[PDB]
Structure formats: C-alpha cells, structure tokens
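Chain by chain, the residues:
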Amino acid sequence: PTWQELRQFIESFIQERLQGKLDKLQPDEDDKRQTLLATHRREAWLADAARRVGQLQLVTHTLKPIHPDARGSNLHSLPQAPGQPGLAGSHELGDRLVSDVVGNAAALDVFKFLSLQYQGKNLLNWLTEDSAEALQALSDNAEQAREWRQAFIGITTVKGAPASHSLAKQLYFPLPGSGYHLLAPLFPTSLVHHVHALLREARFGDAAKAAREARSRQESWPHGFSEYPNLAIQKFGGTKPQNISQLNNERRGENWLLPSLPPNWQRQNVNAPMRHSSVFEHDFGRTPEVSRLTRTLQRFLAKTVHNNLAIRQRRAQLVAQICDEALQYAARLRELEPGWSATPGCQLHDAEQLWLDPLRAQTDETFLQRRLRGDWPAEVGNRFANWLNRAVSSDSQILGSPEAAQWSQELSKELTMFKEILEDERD
Amino acid sequence: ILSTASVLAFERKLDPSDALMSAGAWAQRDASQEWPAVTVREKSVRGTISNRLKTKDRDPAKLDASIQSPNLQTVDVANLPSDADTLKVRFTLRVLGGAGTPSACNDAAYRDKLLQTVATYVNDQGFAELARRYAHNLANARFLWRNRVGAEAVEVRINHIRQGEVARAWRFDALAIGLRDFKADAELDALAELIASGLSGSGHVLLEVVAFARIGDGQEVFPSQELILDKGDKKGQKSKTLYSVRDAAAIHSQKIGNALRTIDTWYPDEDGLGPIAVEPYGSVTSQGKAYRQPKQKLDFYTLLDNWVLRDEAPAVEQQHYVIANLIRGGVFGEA
Amino acid sequence: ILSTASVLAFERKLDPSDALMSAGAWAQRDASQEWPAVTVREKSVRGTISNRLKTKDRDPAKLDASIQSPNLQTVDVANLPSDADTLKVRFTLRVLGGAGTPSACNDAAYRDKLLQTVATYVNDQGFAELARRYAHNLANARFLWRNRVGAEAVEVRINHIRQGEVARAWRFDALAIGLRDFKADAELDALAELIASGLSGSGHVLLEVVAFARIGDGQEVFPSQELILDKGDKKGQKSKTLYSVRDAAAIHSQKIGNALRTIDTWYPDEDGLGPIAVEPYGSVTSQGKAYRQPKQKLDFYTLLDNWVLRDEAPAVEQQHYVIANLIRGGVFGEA
Amino acid sequence: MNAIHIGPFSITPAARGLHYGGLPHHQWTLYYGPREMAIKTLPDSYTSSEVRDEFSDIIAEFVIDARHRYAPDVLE
Amino acid sequence: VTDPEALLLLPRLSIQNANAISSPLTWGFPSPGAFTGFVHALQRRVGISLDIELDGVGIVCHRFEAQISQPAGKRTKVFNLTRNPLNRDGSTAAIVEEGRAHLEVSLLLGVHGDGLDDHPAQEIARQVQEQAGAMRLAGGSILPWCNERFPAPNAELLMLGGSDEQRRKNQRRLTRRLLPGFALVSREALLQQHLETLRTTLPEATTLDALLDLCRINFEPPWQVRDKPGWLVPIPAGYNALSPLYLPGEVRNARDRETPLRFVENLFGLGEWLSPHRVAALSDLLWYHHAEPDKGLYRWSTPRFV
C-alpha cells in the first residue's frame, strides 16, 4: 500500500544479500568489498538487475530437456481447458503453478527479488497494473520506473521469433480433411514439477511415512498411503542440471516417469506340467496374477450385500479375469514343443492334455488328431470349475442363502463362455 | 543463393539387429538351429588396487592399509559351456533403399540440389565401392570384436532371404579376409552387387549373418556391455553388466552397425589404424581422437556444403565418405 | 615431452576358463571323461565363541551367557564321494599374443614409443623366461589352491588342442615340480616353447589342462567362494556360498589366472616367501603387504615410465616383470 | 561407526571394513540380546538413520511374530 | 470416425528398440500416437497405390521388454544407454537419456475402399506386409522373421460376413490368432467418472489427481489394497495447443516450409490393457486420430469401445 515500506523491504533484502556475499567471499584485500558495496546498494544495482533480466526468462514449457545443444523458443503459456472429458494437462494447473527460469545460472538473484511477497502477494501482478504503491518505490523518476517496469514485465513474454531447433521434436498430425500440422511439443516443466511435488509428498512425506509405519506395525491409522511402484528416473543434466533450468536444479534430473506397462512386461518362462496330475491346481495355480485373483475372490466371497449388485458385478469381471488368464496361459503353452504331451509319466493329466497341447495333432495324424476333433473336450471347463469351487471360501451362510445361487449362476455364465472358447479350437 | 538447410536428417540405412550369441561344437555348424544360447551369469571377483597413485597415496603405510581392505566386486560373465568350443553369432541385416534421400529437410531447392548430387554420384560410379566395403565388413567377423581376436577359425555364413527362404547363400573364411585390406573376390563381388542393389532399390534386401568362431572349449565370450550411470548412489553396484535379450547374451545393434561402418580409409591422417567407422568429424572412441577435423577441409559438413552448394566436387574417395555418411544417417543442420 | 597416455587399457593375455572339478578313482583317471561332477551341498554348523574379546566383555558371566547361546548357520560345502579318492579339475587355457599393443590408447606417440620398447624387448629377450615360468605354474597344480596342500599325489595333463584334436600331450608329476623353483625340464621346455609361440603371435595356442590329485575318500574339496552381503532369516543363515556353473563345483577363472601369474621372483624383498603373482605394487592379499613399494623404484608404473619416457631400461628381471604386467593387462594410465 | 541400540535390539558394525564396488563398506549385524538376527553390508556413507531403516523391517516382523505368538487367549 | 469394411491383421512384428519414453510423465509401452502415425505412413506409402484407406490400429503387445535396470538400494529404475560418438575435440559428449525397448506386436488395420474389391485380399495384405517390413514403429527397426520355423502370414478378413454366425466365427478365430497378448484401449469416460467420484469425496480435485489415484497402489487401514477394475495404465492422450497456429514460413528451423507449425504440450489420459476375448468386435480396438485444429486438441483415441 505504501512505497516507503516496499523500499524498506527491498533495501533490507539487498542488505542481507550484501552481508552474505561479504561473508562468503571474505574479501580481505583487492578492494572487493568496496566495489561490492558501491555497486549493490543503490539504483545502480537496479540498472544491473534490468541488464540481467534480458538474459533470463520465466517459462512454463521449456525446450532444453530436448537435446541440450538445441537453441529454440521457450514458452510461458497455459493451454485452454478442453471440453473433451477424461484427459489431463497443464490446463489443470491454476494457483498451484511454479514458473521455470531459463537462461544464465548466475543471474537468478533477480528472479527471487522479482518473486517477492512484500505486502501479501507477488510483485508480478503489482508491476502489471498501474498501482500507486508500486512503480514509485523503485525509481524517483517516472522514466526510470517505466523502463524498469517494461524490463521486469517482458521477462514473461516470448523473446525473439518463434523457433524450434532441429534437435527438437516436430511431429506431423493428420488433419481430418487432407492436411497436416507440424506440432513441435515443449517439455512441460511445470507439470513435471507439480507431479514431482505430489510424488515426493506421497513417497517421503511425514504423514505418508507415518502411515507406512502404521502398516508396518499392522495397526490402524486415520488415513492410508500410496506405493508408486516401477518408477523410472530420467536425468537431463549429466553433471550440470543448472544449465537446463532452475526447476531442473531443484530436482537434479529425476523426471520420475510413471509405469505405463503392459501385463506381459515381466514374462518369466514357459514350463511343461510333466509329472503332475492336474495343471490348474499344480502349475497354473501359483502364477502370481491368478494367485492375486483367487485371493481377491477369497476376500470378496465373505462380504456384505449392502452394495450386492456392484459386488456381484466386480466378482463377475473377477472370474472373467481368471478365465482370461487361463486362456492366455494355454496360449503361451502353445509355443512349447509340439509333442510334450506324449512324454512318459504316471501322472501327466491326459484328460486336459488334449487342450494343453493342440499341436500334437500335427505329428499324430491318426493317433490323437481325430480323437481331439471328434471328442471336442469341454470337461476341462468342468475341472476348472471344480478347482474354483476348491478355491472359494467354505462359508455355509452363503450356501444356505441365495448368495451361492447368484455366484453359481455367474460362474455358470463364465464357464459356458469359456467352454465356447474351447469349443472351436479345431478351426 | 542456395542456403543450407536449417533442419537436415537422414534415415539409418543398412541397419542390423541384435547379434544373438549361442554355443555349440565345431563340425556341427550345419545343425546349429537348436544350439543352446549363451547365458549371462554372475560371479564374485576379489581384486587388489592396481591403478596409479596420486603422489599422496604412495606412503607405504597407507598403501598397506588400503590393500588390507578387500576389494570385492560382482561382475556379469558369459562363458561357453565346458563341452562346446564354437560360438555362433547370428543377426539380421536390412539394406534399405532410397539411400540418398533425406528424412527431413527444409529448403526445397536444397532438396533438388542434394538429390541431383546423389544422382550424379550414383550414375557416375554408384555404390560399387561402398557396398564392396560393407560386404567385406560382413565377410570378416569384425562384428564379433573381441570374439574375433583369439579364435582358431572363423566362418561367416550369409543368406539372402527373399520371401521366407534362402534365395542365395554365402560362406566365407573370416580369418583369411583381412580387417584392413579390401581386395576383390567373386562371392564378395556378388554380395556387394546385392547390397548395392538394395541401397539403390525402393524396398529392402534382407540378409542374415551367422558367424561361427572356434573360441575354445569352455572359454569366455564377450557380449556387448551395457551403459548404466551410477548417478552417485551410496550402495555399491555391479561393476560389469552384460547385454541379453531373452536369457541369451547378445551384442547391441549399434555395435554391429559401428563394426559394419568401419570402411573409412580416406581420412587425412595415416592409415596406421586402417579403416575407421564412418562418422562426422571422423571420431574414434577407442583412440579418443577425432580425425577429419574441421580445420582441414575433409570433415563431412564442409565436404557436403562444398559439393552441393558451391559445386566444388571433392575427390572420389571423399565422395565415397560423404555418401557413406548419408548411409549412416544423423541429425544435421544449423540453427 | 612425451608424457604418458591418459587411457592405456590393456587386454588380458593367457585367458583361462572356469575350472570345473569332478571326482573319481585313481588308476581310473585315464578314462575320466564320464566322471560325475563334484556337487555343492549344504550342511549345518554350530559355531562356538572362539574370537578375541574387546576387553569389555571378558567377564565370566557374559562369556558364559554367550556360550549358552551358540549361533547356527548354513554353509555350502563340497566333498568327494565316499567311494572316490581323487579330484579331477579341468579347464582350458588360451595364449593370445600381442602383449605390447594396448586395447585403448589416446596418445599415438606414446603408443608408438611403447610398441618400440616392447619390440626391442622381444628382439633382445623374447617371451622365453616368462613362458617358462608360466609352464612351471601349469606343470605344478598351483591352480589347485587348497586342493594341493595335503594331496597324496598330484598329476597334471596338458593337451595342445589343434583343430579340435590333441596335437601334443604333456604329463607332469605336480609334486615333483615344486612351487618354489623354476628349473629345467625337456618336456616342460617344449611346453614353454609352445607358450612362447603363443605369446609371440606366431601361432594359435589353446591348451586343455587337467589335474588329478589324491585327497582321500569323501574328503572336502575347495572350490571358489562367492561373496555374501546379507544373511537374514529368510535364507537359512547362509554363511558361505561356493561357486558352481551348472550344479557342478568350479573355480573362478581369475583365481586360475592369479595362480598362473605367480612368476614374480624379482621383488626387492627376499624370495624366502617365493614367487608372487604379477601385480602393480606387488601386492599379496594374504600377506596384507605390498612388495615393490612405489617409494622404492621397483613398482610397475615407475619402471614403465622410466623405460618408455626417459629411456631408462631397467634390469632384465624388471623388464620381465613389466612385460608380465603387460601380459596380465589392466586399466593402466592416469586420469 | 558406533553401535545403534533400538530397545532390546543392537546393530553393531564390524571392526574392519571392506570395499564393494569402489565404495567402502562395513557389515552391520542385528542382535536381539545374544541372538544374531541378520547381517547387512552397508556403505560407509550411510548415517545412523539409514542403517536403522535397513533393519526396521526385520524389527517390525519380529514385533508382529511376537504379538501373534504371545497373544493372550480369548474367552467368548 | 468410420466403420472399416475389413480388418487387416499385421502379424507378430518384432520391434527392436522402440522409444520407451512415451510421455514426459510416463514410461514403458510406446504411445498410441506412434502406432497411429505408423498406420498413416503405411497409408501414405502403399495405401494410396492400392486405392484403399488404412485407418485404425489394434495394439496387442504379445511381448514387451524394456532396457532398464534397478540400482542396488533403490526401488526405482534407470534406463540403459548407448555410447554416442565423441565430439570433434575427442571428449565425451553430454549424455541425453533415452529409453529403448523390445516389442512384439500384431496390428489390426481398418481397411475401407474400392481396392478391396479391385484386388485380392491376400495380395493387398501381403503388399502391406512387405511395405511395413522396411519401416519403423516407435523409433525402432522391424525384425522380418527370417529362417525361423515358420513365418506368420498376413490375413485380411472382410467384416461383411455371409452370416452372423460366420462373422462371429471369423472374429473368434482372429482373436485366437493374437491370443498371447493384451489389447490396449482408452478409458476417458472411466477417468471422468473417477474424477467426479473423487470430487464428491473431496472438492477442488483435478483430473491429474484422479489419473494418479487410478494407477498408484493404494493402501487403506482396517491393511487392504484398493482394487482396480483392470490394468489401468496412464497414457498420453494427444497434444493440446500452446501457441497460435503459425504460417508454414513463420517458424524458424521447422521440419518443412509447406506445413503450419503450432507449439503443443502433452495431454495425459487413462488407458487399459485387457485380453482380446473381452471385446465385442475386434474393430472396437482401433485407434483413430481426432485433430479438431480450431481449438488445438490434437488427440488420438479409440472410440466405439463400450
């Protein structure tokens, strides 16, 4: 509200800056202290600040993460919020926005001087508007105030012609009718800073680690936490992160990428169930995915029926996931040797070996091809249903009530779909 | 005025796959489709300090104290089995066409002038020398690198795959064909003609290259080592990590490509090294020194700019070097 | 001024393999190709308090309380069968040649000077004494580290493998050929000449070394040992882990190479200890001390720098030591 | 460094160190009185908090097993 | 945006070193924009000559493998890199980290046009196969399956079957072909539904927090885990405008001077990996371009899924 108090604050801040640089330098000779006190205490320091602002720029999407030899145009832009649903971006970033700094790594003092909150809010909005409190505390003359204001406000604008370097990415996007646009994207440093803050709070925050310690002792807590597995680290500066940006200096590289991975990204091996009697309980049963599925089915078997429609729906796609994983497991056994089912053994699951190895019919033109064609084994579905009955909780309350009736009906639907899948395997 | 393009790029022609490593016995190289793969294992090594001291660690007491601390490391190691003496290295190679066509380029007049320059080169002598040198680098086992060093006998079998079958098959003795001399052989000329036809074509020509090196019974083979940055973590890591695709030791595709690119014998320095990999500013990673410096008028950028803009056509060898760089690819262009 | 190179990497000559150890019967060692491999087993030990106390807990009450609760742990253990008295250890050695040539060298003038120095060494004294000492270390079973100390009789059979067949076969009584003296023997001189031809680059040498030692029926054998970082309770207190390749006990290749390198009898201290492994700063891990201190002018780096840069050729023994270091290989060179 | 005491537990370091990779290391062993529970080889650049966090999980599972083993019997 | 007259099953394509850096916030499988651009390049190179249109791609990911490693003592992961050539002064250049991964995918291409009746289905399927055999899918080469046991032939099936039973059988057999894999679909509606649920849970919640919550492993005290309906990966959903649309000649250092250039920024959406048996028709998995250049929103998605 008063220019006198703003002058008092800025003089105070340059006073701690002066004493800090004198203490750090410890100048006992060469007349360094006199030059420091004659250049960083008056309006001459504001002249140097106006000089240094022209080399720096506040941005929200920088280009320097893309190959650091690329010289392009960095932008400080917030995209408009789309009407289309279910997608994220920079347009969610409102008041929780942090502005990047690009340029020299030694002139960033003017950035923290310009991002001050003296009377309650930032200097940027004060210098954009014609505020009586501002525009006079920094200059006694009007022309000096005007030139310093234009200098300190142009730091958020695009400097130079719009250019994206050769090392930067430019990606054609086909227009709906016979056209293309070039779409040079910039690295959203504001988004990765916001997600870095969120992930740092989730993985190293005080409440988060308190919840982790509560789970470690298996006790209750008013809130839970998150785990964030399979995070990837992409560093931008090999040894000098400050050459990219100040936000990339706060987090030294460390893009903290999220795991967009398919379910088969950790394929272990394929093995033949040789000397075992039933694959679904002996070799199929201890793959980690189906183990998790049957444990979720175990937990959901004994549950309240207040939301019984949603619970039955969830269990329906649950048992659908078990049958899908069974089909996938047979499909990946299809890449084994064609005649592994003919190996000697007392227990080799001959009833299910017709479905486990389709490829045996090629070598055995008359031994087992016609048997598999004519029989069309669908009792494998019955055996897997018996395995699922062995894998469901033995609750008599569900069996007496109609809950077991609904569970048996949805199981019958999933098993008849599964049997129809195994029906046309001879095509 | 024919200003050079601000954005210039070339697609990687002549791109190989990962060299799968497998093991077996010699004189059974024909039935090697079921040879078991070479697996990357783990072993512990305990060494002693053997690096140079910085004139302050040369005190005997400090040296003895540092030796009394055991130096333990975990390394990835790849070995032939104790009953197999032959290492089989197999990879696939695609010789793409449209060799002189840039993938991205701004100026359309620069497009026409560059395509005219490549047309003049191809109808003058074509890819006869370049495909000859590439076929030589295929014929000798230069893509084995350290696996080629102490092998009793190396044989390279190269098959042309047209649809799904061997259209034409080659067999070479890699140790007879030198690593620095590019002679002429009838089968080598046929392979060079096939590679040049692939480079001049509109599609691609597929080759599989299978090399058998008689390393020794149970000896230690050398897959490509993986580049992992320590990034200043406090825990000690494994010092050596080997590359594998599916539980099978392999050599990186760019390693094989660098082996195939070792055709440049026209750099201004003497050929004490022999051929070097075709790169802009003639860099050699093993020698730590970049030949074809821009202070001399023999680097790729100045040669190309003189050839296409000022029409100063260089020597035939330098034209071969420029077109070999076009085969290699790269992201070019000034701001 | 010819300063030494910053990158002076050297590759390893005399490449050994992992030594797989099997078991059988003496006087049945001629037909020992079908002998079953020695398997690494697990056994339980209960250790008592037998270490030095720290002068704080030497009071009887705490010592008795510690004795009342001994520690239980599982160790990997390898033994011969109770009906097998001898151990067969088999590995293949490959002599490469080209010792003076570095694998990586960023200084060309230094590389030329070093090559000239090694060439004039070879012209003056070829790989004759070094190969003789390597032949001694092959003839006696020094690669049997603890399997040799109490053996009744040790026999080493070395076969030169040319084109997959035994071109020449050797047979040595490894207990007659001691671990202390480098004497003269006609068969051993032939082996030394073959190793010399391998080191000089005049031929491809691949040796298959088989050692038979009578330890006893069911007696413990000593393969290589792996490092354990975490013990825990999920693992059954695994305290010692032995090295194996495929369910077969084995010795690390670097241990075999260290046993071959034990040729250095020229260190400034007395040779009452005997030969030591060829290392920079002459270090011995068991002795905890470094012979050839850098303070004295007999370590590898100062001798090499004086020999190459200032042309100060050392004594012939020190030249042998330097060339043995070059054969051994390393990451020689400063930052 | 120095032994870390966590209630009845003690994390004492080895007197002599070692080098794993290129970094110095010491073996830190966890005790419950006279019972040795686990040994871990840890970098010398770890502080006491990181060494304690390395054994926090083993301490927590000891606590869980002790709660389940000596839980009082329930009347219904 | 259109119903294909046929489905073109590109067989198992072994992709060598695909860009594992899908977005500035996600890693792993390549972006669907890469696959849609590859299909558009197929149409631009061979689709026009065959008088057909290649729009829509079905991604199944029969096999995935990223060149990654986990450092000791850390639970996160790092990317294995390549040694680039030295500078002109003989020193090591600054390392720019890129992720490179091995794929094995089979693509369902939506085909509609007059060339389907003009040419045999096997002929156009073949010619598309050897056109794609000399191309790139996500920055990596394509391995063309030489001298293995047997190559997988290309198969084009017309969706206009002779009967409903014949169409259903053809769809099931095509699903059986690409069985060891998981179809990739988009879940924008699910993401919006979860965001509304989160907003009723607590206000002023952005869709970024809903996207993060749908992918992270949540632990709740009595210690259970909040279950997820499917795999629910976060994927880049397209590009949003960051600058006014410049003329083709305004922007310095452009890719060309014939195409307008607009600076953009990534849009992050929800995706799902699911078995191909859980889709009604195999044409519901096809990914399409949705540009709408007036407001930016250069998006790729798979509509008509549910």
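Numbering of residues starts from 1 on every chain and follows the order in which that chain's sequence is written, so it may differ from the entry's own numbering; residues lacking coordinates are left out. Lettering for chains starts from A, numbering for ligands starts from 1, and both go in the order in which the items are written. As shown, the structure covers only some chains of a larger assembly, and all values describe those chains. Water and hydrogen atoms were dropped before computing side-chain values, which therefore reflect all heavy atoms in the structure. Residues with missing side-chain atoms are left out of burial classes, side-chain pairs and their counts.

Per the PDB record, the structure was determined using cryo-EM to 2.8 Å resolution.

S.K.: Mind showing me how you'd approach the overall build of chain A here?
M.R.: Secondary structure counts use DSSP, requiring at least four H or I residues in a row for a helix and at least two E residues in a row for a strand, with both numbered from the N terminus. For chain A, the helix and strand inventory stands at 18 helices and 9 strands. Its C-alpha atoms give chain A a radius of gyration of 34 Å, clearly above 22 Å, the size a compact globule of 427 residues would have. Oriented by its inertia axes, the alpha-carbon framework of chain A measures out at about 100 × 55 × 50 Å. Should any heavy atoms of two residues lie within 4.5 Å, those residues are considered in contact. Taking the intrachain contacts of chain A between residues at least 6 apart in sequence as the baseline, contacts between residues at least 24 apart amount to 63%. Radius of gyration: C-alpha atoms only; globule rule: 2.2 Å multiplied by the number of residues to the exponent 0.38.

S.K.: So what exactly am I meant to see when it comes to the interface of chain E and chain A here?
M.R.: By a frequent convention, interface size equals the accessible area lost on bringing the separate parts together. Contacts between the two partners involve 96 residues from chain E and, on the opposite side, 96 residues from chain A. In terms of residue count, the dominant contributor to the side of chain E that touches chain A is strand 14 (residues 263–274) of chain E (9 residues). When DSSP finds at least two bridges between two strands, those strands are taken to pair. In this structure, strand 2 (residues 87–88) of chain A lies alongside strand 14 of chain E, joined through 2 bridges in antiparallel fashion. Bridge pairing links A88 of chain A to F268 of chain E in strand 14 of chain E.

S.K.: Please explain a negative patch on the surface as it appears in this structure.
M.R.: For patches, a residue must show more than 30% relative accessible area and have no salt bridge; joins then use 9 Å for like charges and 5 Å for nonpolar side chains, namely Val, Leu, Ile, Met, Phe, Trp and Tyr. We get accessible surface area from the Shrake-Rupley algorithm with a probe of 1.4 Å; when it comes to residues, only the shown protein chains can shield them. Here, a salt bridge means any side-chain nitrogen of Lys or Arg that lies within 4 Å of a carboxyl oxygen of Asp or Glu. Think of it this way: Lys and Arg go in the positive column, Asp and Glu in the negative one, and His and the chain ends go nowhere. Charged groups are reduced to one reference atom each: NZ for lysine, CZ for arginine, CG for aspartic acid, CD for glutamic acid. A cluster of like negative charges, contributed by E201, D206 and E213 of chain A together with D53, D57 and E61 of chain D, occupies part of the molecular surface. Contributions of two or more residues to the negative patch are made by helix 8 (206–216) of chain A together with helix 1 (48–69) of chain D. In terms of residue count, helix 1 of chain D provides more of the negative patch than any other element does, 3 residues in total. Along the chain, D53 of chain D turns up in helix 1.

S.K.: Help me out: how do you make sense of the pairing of strand 5 (residues 71–79) of chain B in this one?
M.R.: Consecutive residues of a regular strand have side chains that alternate between opposite faces of the sheet. Residue burial is assigned from relative accessible area. The probe radius is 1.4 Å, only protein chains are included, and a residue is buried under 20% of its type maximum, exposed over 50%, and partly exposed in between. The element strand 5 of chain B is largely enclosed, with a buried count of 8 among its 9 residues. As judged from the 8 bridges shared by strand 4 (residues 40–47) of chain B and strand 5 of chain B, these two strands associate in the antiparallel manner. Looking across to strand 5 of chain B, one finds that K43 of chain B is bridged to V75 of chain B. Where strand 5 of chain B and strand 3 (residues 18–20) of chain D come together, 2 bridges link them in parallel fashion. Looking at strand 3 of chain D, one finds that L72 of chain B is bridged to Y20 of chain D.

S.K.: What am I meant to see in the nonpolar core here?
M.R.: It is characteristic of soluble globular proteins that their nonpolar side chains tend to be buried jointly. Definition used in this section: a nonpolar core is a set of buried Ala, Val, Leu, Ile, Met, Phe, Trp, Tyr and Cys residues joined via side-chain atoms within 4.5 Å. Ranked by internal contacts, the top residues of the largest apolar core, which has 82 residues, are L130 and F143 of chain C. Here the element with the most residues in this core is helix 4 (residues 186–199) of chain C; it accounts for 8 residues. Apart from residues lying up to four places away in sequence, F143 of chain C is in contact with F91, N137, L138, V156, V209, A211, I251, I256 and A259 of chain C. Within the second largest apolar cluster, 77 residues are counted, among which are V89, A131, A135 and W307 of chain B.

S.K.: Please explain the packing of aromatic side chains as it appears in this structure.
M.R.: In this description, an aromatic ring pair is defined by two values, namely the gap between the centres and the angle between the planes. Two aromatic rings from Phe, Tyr or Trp, using only the six-membered ring of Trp, form a pair when their centres are within 6.5 Å; if the ring planes differ by under 30 degrees the pair is stacked, by over 60 it is edge-to-face, and anything between is tilted. Scanning the entire structure with this criterion turns up 42 aromatic pairs over all chains. Consider the rings of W355 of chain A and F418 of chain A, whose centres lie 5.9 Å apart with planes at 80°: the pair is edge-to-face. Taken together, the residues span a long stretch of sequence, with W355 of chain A in helix 13 (residues 350–356) and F418 of chain A in helix 18 (residues 403–423) at a distance of 63 residues. Here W355 of chain A matches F418 of chain A in class, with each residue buried. Note on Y121 of chain C and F127 of chain C: the rings are 6.5 Å apart at their centroids and 65° apart in plane angle, and the pair reads as edge-to-face. As far as burial versus exposure is concerned, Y121 of chain C and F127 of chain C are alike and both buried. One aromatic cluster is present, built from ring pairs that chain together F280, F284, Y329, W355, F384, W387 and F418 of chain A.

S.K.: Would you mind showing me how to read the arrangement of the chains here?
M.R.: Where 7 pairs of chains are in contact, the pair with the most contacts is made of chains A and E. Where chain A comes nearest to chain C, the C-alpha atoms are still 18 Å apart, and the two do not contact one another. Contact between chain D and chain E is absent, and the least distance between their C-alpha atoms amounts to 10 Å.

S.K.: Please clarify how the domain arrangement of chain A should be interpreted in this entry.
M.R.: Where each domain begins and ends is defined by an automated method or by a domain database. Per the domain assignment, the segments making up chain A are domain 1 (4–263) and domain 2 (264–427). Placing a centre on the C-alpha atoms of domain 1 of chain A and another on those of domain 2 of chain A gives a separation of 55 Å.

S.K.: Is there a simple way to think about the side chain of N137 of chain C in this case?
M.R.: Residue and element names in this part refer to chain C. Position of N137 relative to the elements: it lies in helix 3 (residues 129–139). Distance and chemistry together define a polar contact, namely a pair of N or O atoms within 3.5 Å, with one atom able to donate a hydrogen and the other to accept it when in protein, and with adjacent residues in sequence counting only for side-chain atoms on both sides. For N137, the side chain forms a polar contact with the main-chain oxygen of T262, separated by 2.9 Å. If near-sequence neighbours (up to four positions away) are discounted, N137 is found in contact with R142, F143, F182, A259, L260, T262 and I263.

S.K.: What is the right way to read the packing of helix 16 (residues 379–390) of chain A against helix 18 of chain A from this model?
M.R.: Geometry of a packed helix pair, given as the angle between the helix axes and the separation of the axes. Residue and element names in this part refer to chain A. In this analysis an axis means a line fitted to C-alpha atoms, helices contributing only their contacting stretch, and an angle means the value between N-to-C directions, from 0 to 180 degrees. Where helix 16 contacts helix 18, the two axes come as close as 9 Å, and the packing angle between them is 145°. Helix 18 is crossed by helix 16, and the crossing has right-handed handedness. Of the residues in helix 18, those touching helix 16 at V380, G381, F384, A385, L388 and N389 are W407, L411, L415, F418 and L422. Residues belonging to the contact of helix 16 with helix 18 are distributed by class as follows: 9 nonpolar, 2 polar and no charged. Crossing chirality is assigned from the near helix's rotation relative to the far helix, an anticlockwise turn below a right angle marking it left-handed and a clockwise turn marking it right-handed. Each residue gets one label: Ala, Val, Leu, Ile, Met, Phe, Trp, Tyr, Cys and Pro are nonpolar, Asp, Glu, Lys and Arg are charged, and the others, such as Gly, are polar.

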